[PDB]
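Below is one structure, written out as structure tokens; the observations come after it.
All Cβ positions, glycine included, derive from the backbone under ideal geometry; neighbour counts span all protein chains shown. Taken together, the values in this text are just the output of simple stated rules run on the coordinates, not laboratory data.
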Amino acid sequence: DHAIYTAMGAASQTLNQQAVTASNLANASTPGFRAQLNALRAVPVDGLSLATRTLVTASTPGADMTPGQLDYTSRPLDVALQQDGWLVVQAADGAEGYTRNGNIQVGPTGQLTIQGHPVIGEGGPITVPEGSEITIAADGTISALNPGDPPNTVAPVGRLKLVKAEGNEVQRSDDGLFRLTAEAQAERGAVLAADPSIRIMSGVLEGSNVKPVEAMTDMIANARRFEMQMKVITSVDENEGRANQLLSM
Amino acid sequence: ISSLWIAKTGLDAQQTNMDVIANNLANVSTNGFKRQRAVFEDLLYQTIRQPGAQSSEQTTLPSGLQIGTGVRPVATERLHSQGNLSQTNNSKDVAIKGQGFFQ
Amino acid sequence: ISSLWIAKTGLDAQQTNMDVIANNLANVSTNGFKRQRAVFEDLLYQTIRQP
Amino acid sequence: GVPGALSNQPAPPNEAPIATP
Amino acid sequence: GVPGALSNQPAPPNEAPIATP
Amino acid sequence: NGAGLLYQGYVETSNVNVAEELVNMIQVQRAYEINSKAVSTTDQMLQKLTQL
Amino acid sequence: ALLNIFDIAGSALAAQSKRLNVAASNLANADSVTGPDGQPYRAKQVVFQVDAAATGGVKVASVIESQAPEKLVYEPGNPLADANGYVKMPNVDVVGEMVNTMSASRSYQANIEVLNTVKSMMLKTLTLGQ
């Protein structure tokens, strides 16, 4: 009689997985987006008799850090990272997070920032001259040229801080900025250290890694699974309703 | 169901992006025009179940889940680059280099 | 979503090549002009590790 | 005891954990 | 008042003017 | 102070390139179609649930 | 009272019908202009509220006009054009209206199924009164 509960739980988790897939498909064009992997997880109920009821609860692993594809925009301050590079920026709460959205912008007061959040380098957030043109090197050097001044006065005015996370130990926070897991940050320190083995490319921008074939296959599988679970639900309901009349005289 | 109200946001973002592209293509002959480029952002994620214990002498994958919320058009930037110069031979036409605007 | 952006980059590179060719051909009579040639190079290669 | 029979001790509670520690 | 309740008088007749008089 | 120079008789044209616009149009159309399919399959799921 | 279930379901059906009618009217007036007395057409939405009799049915207090800006289209040949030669086209989100219609239909079917089940239960209830 309780198989209806297992079937409805499976249906609800299928709906959750469908919602995850729809979320991945919707923002398929945001720059520097990481897809949200998902896979059903089994939980067996047991004890003292005939362990048969095994429930299903959907779960989502961290992400797939497969690099997104690069498109050339020729904008001087667009950065594309290596296989597993990250740019570290302070978040709203004041803590640091990691991202790959290379669409840097400069405010009216010489404040560099990715969308919403300022970029950090040596020390606090990096600041450039008031209206200087900015060029980004292949290793993170920010060269500034004051307008009108002759070209022979290009000066380095700071440096980006680049970290290296392999991917299995980073988890997406509530605002889309990745952070190290508990054990990873315990064993590598609260704040990561800059490394030179990471190179950027100026002028190109990174998209998102969403697989249309994977999305379509998951949608088809979820549709079929949900329909099967619904059929099991209605069969069990009809069986119980027909059998309920035994108590009569 | 959240799927409908997520795909609605996806469709809206796509429609606005198409409108921006159409606007850029419409004024392909407007003098002194700077092209538009629309950038979006994913909404804040909603967590349901926190991840459990990990690396406990086992090779299990994490168990936590968090559903998305959709995508919103966050900004639209105009590329203030340098365009080409067309010769009109009219004595009262001015083409400005570098950066600057007439008040 | 996979070959579209690669082909877009290729088209952009060919457009830049055409632009520099046209600029070279335009001032075929300008005194003291120097011909320009562009050099290309591929972007970053992604890696897929084997088991 | 065999299923469906009588017993003098209550069954232990059911847990069904998501992932064992 | 609330739709679906009981009233002692009919509602005024409906009309859809194409152009205002 | 960083100001530009003026050329007489010349007009600055729009800085629009059409290859990127066409590729963006293709990508936008494909994304729209896939989102429409997502809507359709979710609607089918809800219909099958309500036909319980 | 075991009979307020019918009232709740009927209120839900009426609210869903109202919302579907509003969506259909907006779709019909998607590309209209210069309604009665010349004022531009504006889209409308509905707001659902619960009747705290706790748990209660759903009602729609009033239809609220959209505050999203109207589309301004340059066409001086229309007498509605202002000093800038602009006409005010209504703001209609076709995808939004399609989604609203889908949601209304699904809610309507769910409520009718609930009514069917409760009607069967209530019909079976009276057999013990003899």
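Give just the number: which of (1) in a loop (DSSP other than H, G, I, E, B); (2) surrounded by 18 or more Cβ atoms within 10 Å (Cβ to Cβ) does A:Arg199 not satisfy? Every condition holds for A:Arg199 apart from (2). Here G:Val50 meets each of (1) within 14 Å of chain F (Cβ to nearest Cβ); (2) exposed (fewer than 13 other Cβ atoms within 10 Å of the Cβ); (3) touching a strand residue (DSSP E or B) at 6+ places or on another chain (Cβ under 8 Å) with one exception, condition (1).
Listed by first and then second residue, the pairs with beta-carbon distance under 6 Å, at least 6 apart or on different chains, first residue in region C:1-27 and more than 10 Å from every other protein chain (Cβ to nearest Cβ), second of a type in the set (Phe, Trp, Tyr) and surrounded by 12 or more Cβ atoms within 10 Å (Cβ to Cβ), are C:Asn27/C:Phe33. As for region A:13-26, it holds no residue that is within 11 Å of chain B (Cβ to nearest Cβ) and not in a helix (DSSP H, G or I). The residues of region A:108-123 that are part of a loop (DSSP other than H, G, I, E, B) and over 25 Å from the mean Cα position of the chain (by Cα), listed by number, are A:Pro108, A:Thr109, A:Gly110, A:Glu122, A:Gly123.
Once region G:57-82 is narrowed to residues that are touching a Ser or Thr at 6+ places or on another chain (Cβ under 7 Å) and hydrophobic (A, V, I, L, M, F, W, C), the residue that is farthest from G:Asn21 (Cα to Cα) is G:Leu80. Of the set (1) hydrophobic (A, V, I, L, M, F, W, C); (2) surrounded by 18 or more Cβ atoms within 10 Å (Cβ to Cβ); (3) more than 12 Å from every other protein chain (Cβ to nearest Cβ), all apply to A:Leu177 but (3).
Scan region B:4-34 for residues that are touching a strand residue (DSSP E or B) at 6+ places or on another chain (Cβ under 7 Å) and either of a type in the set (A, V, I, L, M, F, W, C) or assigned to a loop (DSSP other than H, G, I, E, B) (or both) and report the count. So the count comes out to 5. Considering the conditions (1) more than 11 Å from chain A (Cβ to nearest Cβ); (2) within 27 Å of B:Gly32 (Cα to Cα); (3) surrounded by fewer than 16 Cβ atoms within 10 Å (Cβ to Cβ), F:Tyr10 is excluded by exactly one of them, (3). Against the definition (in contact with a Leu (Cβ under 6 Å, 6 or more places away or on another chain) and over 30 Å from B:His80 (Cα atoms)), how does A:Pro44 come out, yes or no? Criteria not met by A:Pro44. A single entry from G:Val73, G:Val58, G:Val33 fulfils the requirement of being surrounded by 13 or more Cβ atoms within 10 Å (Cβ to Cβ), over 30 Å from F:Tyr32 (Cβ atoms) and β-branched (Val, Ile, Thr): G:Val58.
Has region B:59-71 got at least one residue that is in contact with a strand residue (DSSP E or B) (Cβ under 6 Å, 6 or more places away or on another chain) and under 26 Å from B:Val20 (Cα atoms)? Yes - at least one qualifying residue is present in region B:59-71. For region F:18-32, taking the residues that are at the interface with chain B (Cβ under 8 Å from one of its Cβ atoms) and within 30 Å of B:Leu85 (Cα to Cα), the one that is farthest from the chain's Cα centre (by Cα) is identified as F:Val18.
A:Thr217 meets the stated requirement of being surrounded by fewer than 16 Cβ atoms within 10 Å (Cβ to Cβ) and more than 9 Å from chain F (Cβ to nearest Cβ). Quick one: is F:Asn35 buried (at least 16 other Cβ atoms within 10 Å of the Cβ) and more than 8 Å from chain A (Cβ to nearest Cβ)? Answer is no for this residue. The residues of region B:53-103 that are of a type in the set (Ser, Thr, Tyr) and not in a strand (DSSP E or B), listed by number, are B:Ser55, B:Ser56, B:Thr59, B:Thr60, B:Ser63, B:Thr69, B:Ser81, B:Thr88, B:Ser91.
Considering region B:39-50, the residues that are part of a loop (DSSP other than H, G, I, E, B) and either hydrophobic (A, V, I, L, M, F, W, C) or within 7 Å of chain A (Cβ to nearest Cβ) (or both) include one that is surrounded by the most Cβ atoms within 10 Å (Cβ to Cβ), namely B:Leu43. Taken residue by residue, region A:219-235 has at least one member that is of a type in the set (S, T, N, Q) and closer than 21 Å to A:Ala35 by Cα. Of all the listed residues (B:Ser81, B:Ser56), the sole one being facing another protein chain (nearest Cβ under 7 Å), of a type in the set (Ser, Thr, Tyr) and closer than 21 Å to A:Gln105 by Cα is B:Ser81.
In the set G:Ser103, G:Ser32, which member is within 22 Å of B:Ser3 (Cβ to Cβ) and not in a strand (DSSP E or B)?
G:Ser103
Among the residues of region G:14-30, those identified as within 26 Å of G:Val118 (Cβ to Cβ), aliphatic (A, V, I, L, M) and surrounded by 17 or more Cβ atoms within 10 Å (Cβ to Cβ) are G:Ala15, G:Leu20.
Yes/no matrix, rows are residues, columns are (1) within 11 Å of another protein chain (Cβ to nearest Cβ); (2) not small (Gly, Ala, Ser):
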| residue | (1), (2) |
| --- | --- |
| A:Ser173 | yes, no |
| A:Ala194 | no, no |
| A:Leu205 | yes, yes |
| A:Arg225 | yes, yes |
| A:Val236 | no, yes |
| A:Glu240 | no, yes |
| A:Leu247 | no, yes |
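Evaluation of F:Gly4 against the conditions (1) of a type outside the set (A, V, I, L, M, F, W, C); (2) in a helix (DSSP H, G or I); (3) at the interface with chain A (Cβ under 10 Å from one of its Cβ atoms) shows that the sole unmet condition is (2). Considering region A:161-171, and only residues there that are part of a loop (DSSP other than H, G, I, E, B) and within 11 Å of another protein chain (Cβ to nearest Cβ), the residue that is farthest from A:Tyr98 (Cα to Cα) turns out to be A:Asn168. Screening the candidates B:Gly83, B:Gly98, B:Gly10 for the property of being exposed (fewer than 14 other Cβ atoms within 10 Å of the Cβ), of a type outside the set (A, V, I, L, M) and more than 30 Å from A:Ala42 (Cβ to Cβ) yields one hit, B:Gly98.
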